[PDB]
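For reference, the chains in residue letters:
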Amino acid sequence: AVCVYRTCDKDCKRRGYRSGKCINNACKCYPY
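Definitions and cut-offs
- Residues numbered from 1 in each chain as written, not as in the entry; some residues may be left out.
- Heavy atoms only, no water.
- Helix = DSSP H or I, 4+ residues; strand = E, 2+ residues; numbered from the N terminus.
- Buried < 20%, exposed > 50% of the residue type's maximum accessible area, 1.4 Å probe, protein only.
- Contact = heavy atoms within 4.5 Å.
- Polar contact = N/O pair within 3.5 Å; in protein donor to acceptor, adjacent residues only side chain to side chain.
- Disulfide = S-S within 2.5 Å.
- UniProt positions renumbered as here; feature names shortened; annotations may be inferred.
- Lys, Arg positive; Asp, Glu negative; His and termini not counted.
- Salt bridge = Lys/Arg side-chain N within 4 Å of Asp/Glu carboxyl O.

For this deposited structure, the header cites solution NMR as the method used.

The structure is reproduced here in structure tokens:
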């Protein structure tokens, strides 16, 4: 499988963070 922006974004959003981004094969979260 590969890094899913929508899955990582939704998860991150519901993980107590503002949103997440997948770049360079690495999904970095972003809190409020």
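There is more to say, and it comes next.
On to the environment of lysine 13. Note that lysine 13 resides in helix α1 (residues 5–13). What makes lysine 13 partly exposed here is its relative accessible area of 48%. It is 17 Å that separates the C-alpha atoms of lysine 13 and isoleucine 23, two residues lying ten residues apart in sequence. Ignoring sequence-local partners within four residues, the contact set of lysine 13 consists of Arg18 and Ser19. One polar contact links the side chain of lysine 13 to the main-chain carbonyl oxygen of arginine 18, over a distance of 3.4 Å.

Moving on: the UniProt feature "disulfide bond" in the protein chain. Per UniProt, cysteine 3 and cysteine 22 form a disulfide, and the coordinates bear that out, putting the sulfurs 2.0 Å apart. With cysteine 3 in the segment before α1 and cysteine 22 in strand β1 (residues 19–23), this pair connects stretches of sequence that are 19 residues apart. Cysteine 3 sits in the partly exposed class, given a relative accessible area of 37%. Of the residues examined, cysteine 22 reaches a relative accessible area of 18% and is grouped as buried.

Right, let's get into the side chain of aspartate 9. For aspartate 9, the position within the fold is in helix α1. Buried within the structure, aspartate 9 lacks any salt-bridge partner; its nearest side chain of opposite charge belongs to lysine 13, at an N-O separation of 5.1 Å. If we ignore the near neighbours within four places in the chain, the residues touching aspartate 9 are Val4, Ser19 and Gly20.

A few words now on the side chain of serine 19. One can find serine 19 in strand β1. Side-chain polar atoms of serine 19 contact the side chain of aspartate 9, separated by 2.9 Å. What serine 19 contacts, discounting residues up to four positions off in sequence, is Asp9, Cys12, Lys13, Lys28, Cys29 and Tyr30.

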